[PDB]
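Chains as they are written, first to last, in the authors' numbering: chain B, 10 to 124; chain A, 10 to 125; chain A', 10 to 125; chain B', 10 to 124. A prime marks a further copy of an entry chain.
Ideal placement from N, C-alpha and C gives every residue a C-beta, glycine not left out.
Below is one structure, written out as structure tokens; the observations come after it.
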Ligand SMILES: COc1ccc2c(c1)c(CC(=O)O)c(C)n2C(=O)c1ccc(Cl)cc1
Ligand SMILES: COc1ccc2c(c1)c(CC(=O)O)c(C)n2C(=O)c1ccc(Cl)cc1
């Protein structure tokens with residue numbers, strides 16, 4: 010599992026569950042090609058997005074649908090979605106965890122890159 | 010000034026100076042049209058991007074070029090840039106401050122929205 | 010103004026207004042002595058806590074009373090308060106801005122330190 | 010394991026390893042009583058701090074020695090340590106994860122409280 014996503018909710022202090030996540034890979038014409046998607050689980054996590062064969066070096070974008078998550082909770086959010094854009098590179102450690110901590114008007118995102 | 014950008018460096022405890030910022034607006038055909046651009050100053054702030062009249066309702070994308078910034082400090086950062094995407098002015102004109110706190114493998118972004 | 014405090018609310022996208030702040034300074038006997046206190050204004054800022062002369066070298070603790078703040082908004086927050094603990098002025102006088110971004114179960118704190 | 014600590018490093022994008030963590034419980038005279046301590050592991054985590062029998066309701070303080078972590082990396086940090094102060098309460102979910110994301114001049118901390 011070379012690419013994992015973890016989403017937490019900073020208002021409730023819980024995993025953010027059932028959050029839609031879309032991954033895109035940057036194509037040679039600079040457009041964004043759908044690559045992988047899913048919904049976070051009960052633990053706020055999304056696994057099994059891709060395999061080490063398909064996850065080649067390149068620029069990827071992870072798009073976390075935060076606006077629908079907040080609307081389902083009845084809370085009026087600022088952002089359309091959170092967007093994490095990064096280059097996957099074979100030299101460094103192999104596992105990428107993209108984490109996001111969500112508030113209605115703020116979010117943070119971190120990359121944990123390990124072996 | 011209805012749209013301003015404020016960038017901090019979380020490694021140096023200082024404003025993030027000369028950070029490039031590109032703003033886009035989603036057009037009717039659903040593409041991102043170039044809306045305004047600039048660089049943060051000595052105070053890590055970017056003002057005068059647009060005017061109330063020009064800053065109409067729509068979905069905006071503020072792209073803060075963090076990777077260029079880090080590289081010139083000799084750091085090799087994780088992200089290409091920070092993207093901040095939001096509906097603006099969809100209940101009448103507001104003032105928006107987009108703030109970003111940068112680390113090489115992390116950033117946070119918040120909005121302060123006030124009513125004229 | 011050598012020590013100022015800036016507080017944002019990450020749920021409302023607004024300054025955090027009327028947040029109580031207590032600053033302490035570690036004394037020679039190793040206890041926390043009361044140093045200064047105040048409340049954030051309409052802009053979420055707190056100024057005039059101390060003077061350059063009074064703000065000598067030492068270890069300071071800025072306690073931001075976040076739990077009181079959240080409760081008055083009807084929220085039941087996780088933390089009692091944010092604590093920010095740092096050596097100040099140990100290479101000559103500096104200006105410090107302590108910033109905090111509050112959510113009910115999370116906060117972030119950053120320092121902007123500048124040289125007179 | 011009612012109380013777990015997770016520490017990440019925002020400059021390297023890795024777990025923060027070998028970080029000392031001291032937990033205190035607030036005594037009736039308002040002083041801080043040492044309660045539990047340890048060092049984060051290779052995965053940036055600290056487990057086995059306490060048991061559900063000893064972790065009674067009360068105010069606790071978790072003190073993460075960030076200054077020594079940054080000094081070991083040769084990086085000049087702002088804070089003496091990060092301090093997470095909170096009330097443990099029996100009504101809510103049972104597992105407390107205190108997470109901290111560290112930069113030299115900034116940190117964030119989040120509580121994930123679950124079942
Ligand atoms: C009211 O509008 C803002 C918003 C955020 C601000 C400031 C002003 C100032 C002060 C100034 O205007 O110079 C600082 C220092 N801000 C931050 O620290 C900051 C940076 C990034 C994040 Cl994610 C959260 C907060
Ligand atoms: C429940 O377990 C957690 C909790 C938080 C986590 C992670 C795992 C991972 C995954 C990992 O460690 O690989 C990351 C990246 N987390 C963060 O990003 C994070 C974000 C904000 C703060 Cl304030 C503190 C930590």
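Residue i (DSSP reduced to helix, strand or coil)
{"i": "residue 81(B)", "result": "helix"}
{"i": "residue 123(A')", "result": "strand"}
{"i": "residue 75(B')", "result": "helix"}
{"i": "residue 88(B)", "result": "strand"}
{"i": "residue 129(B')", "result": "This structure leaves residue 129(B') out entirely; chain B' is present only between 10 and 124."}
{"i": "residue 105(A')", "result": "strand"}
{"i": "residue 116(B')", "result": "strand"}
Cβ shell of residue i (< 6 angstroms), same chain only, five flanking positions each side left out
{"i": "residue 52(B)", "result": "24"}
{"i": "residue 87(A)", "result": "114"}
{"i": "residue 93(A')", "result": "71, 107, 118"}
{"i": "residue 68(A)", "result": "35, 96"}
{"i": "residue 79(B)", "result": "86, 113"}
{"i": "residue 45(B)", "result": "32, 58, 59"}
{"i": "residue 48(B')", "result": "27, 29"}
{"i": "residue 50(B)", "result": "none"}
Residues near residue i by beta carbon distance below 8 angstroms, same chain, minus five either side
{"i": "residue 74(B')", "result": "28, 29, 30, 31, 90"}
{"i": "residue 105(A)", "result": "11, 12, 13, 95, 97, 120, 121, 122"}
{"i": "residue 61(A')", "result": "11, 102"}
{"i": "residue 64(A)", "result": "11, 12, 97, 98, 102"}
{"i": "residue 41(A')", "result": "33, 34, 35, 70"}
{"i": "residue 38(B)", "result": "none"}
{"i": "residue 84(B)", "result": "20, 113"}
{"i": "residue 17(A')", "result": "23, 24, 25, 53, 108, 109, 110, 111"}
Chain-order list of residues whose beta-carbon lies under 7 angstroms from that of residue i (same chain, five-residue window excluded)
{"i": "residue 99(A')", "result": "66"}
{"i": "residue 77(B)", "result": "29"}
{"i": "residue 15(B')", "result": "53, 54, 106, 108"}
{"i": "residue 19(A)", "result": "110, 111, 112"}
{"i": "residue 56(B')", "result": "10, 13"}
{"i": "residue 81(A')", "result": "none"}
- Query: According to a CB-to-CB cut-off of less than 8 angstroms, which residues of the segment 18–47 of chain B neighbour chain B'?
  - Reply: 19, 22, 23, 24
- Query: At a Cβ cut of 8 angstroms, what residues of the segment 98–114 of chain A count as close to chain B', listed as they run along the chain?
  - Reply: 110, 112, 113, 114
- Which residue spans inside the segment 19–77 of chain A' form an unbroken alpha helix (DSSP H) run of at least 4? none
- Query: Using Cβ-Cβ distances below 8 angstroms, what residues of the segment 62–95 of chain A are close to chain B?
  - Reply: 68, 87, 88, 89, 90, 92, 93, 94, 95
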